[PDB]
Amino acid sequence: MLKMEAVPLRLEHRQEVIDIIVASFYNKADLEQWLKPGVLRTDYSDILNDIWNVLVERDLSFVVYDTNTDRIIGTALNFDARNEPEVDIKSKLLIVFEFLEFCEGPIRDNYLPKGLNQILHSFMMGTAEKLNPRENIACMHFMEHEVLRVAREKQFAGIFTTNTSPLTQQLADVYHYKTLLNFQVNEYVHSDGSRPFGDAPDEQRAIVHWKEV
């Protein structure tokens, strides 16, 4: 049985966290797959490197250790939704983040609690590539359990996230997140009038999720 431990993010975790995020998102993320070609592994590391110091400083994120191997198998990256660093994104990932803001912005700024230390933004989550289904689902359960604990211990009002894969969307549902938006990603229009995810099937959703703690 997989034995796990959540450890706050430290500065030295940078490459391990990058490895896990890159392996979790590159060629696997449901949104970026429609922006091919030209989405590179470094587009993810470039973002993480730019925010890494603030990400550790804010003390809201953590890594998950397999305590039997003492290696990192997962990570949950969190910010105060109203106190996030500003990243100038150069890659096609800017479209992903502008879409996510399209999903989150209206709801966050008009329906969720105002002020700092209210909205724990679970903005990135990843698990190690070598995890089998039983290790991955359990790491996902464990990080969900720990994100809630961080939210309560840090006195946030709730956990805010946009889930873009069927598994994370279904996980959020059985964890009793409320759906605040279920957007059909192939209907999103870019600033140039194109639908960057237009080739996606109608069934691919972006779901904004929110759970009061």
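The first residue of the shown sequence is 1; numbering continues from there.
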item: Mean Cα B-factor comparison, 33-41 or 53-61, giving the higher one as deposited; value: 33-41
item: Higher-B stretch (mean Cα B-factor, as the entry records it), 87-95 or 130-138; value: 87-95
item: Peak C-alpha temperature factor (PDB record), options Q170, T161, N27, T179; value: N27
item: Lowest, middle or highest third - CA B-factor, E146; value: lowest
item: Position of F102 among the chain's modelled residues by C-alpha B-factor, lowest, middle or highest third; value: lowest
item: B-factor third for the C-alpha atom of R71 within its chain; value: highest
item: For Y111, the third of its chain into which the C-alpha B factor falls; value: middle
item: Chain third (lowest, middle, highest) by recorded CA B-factor, residue given as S165; value: lowest
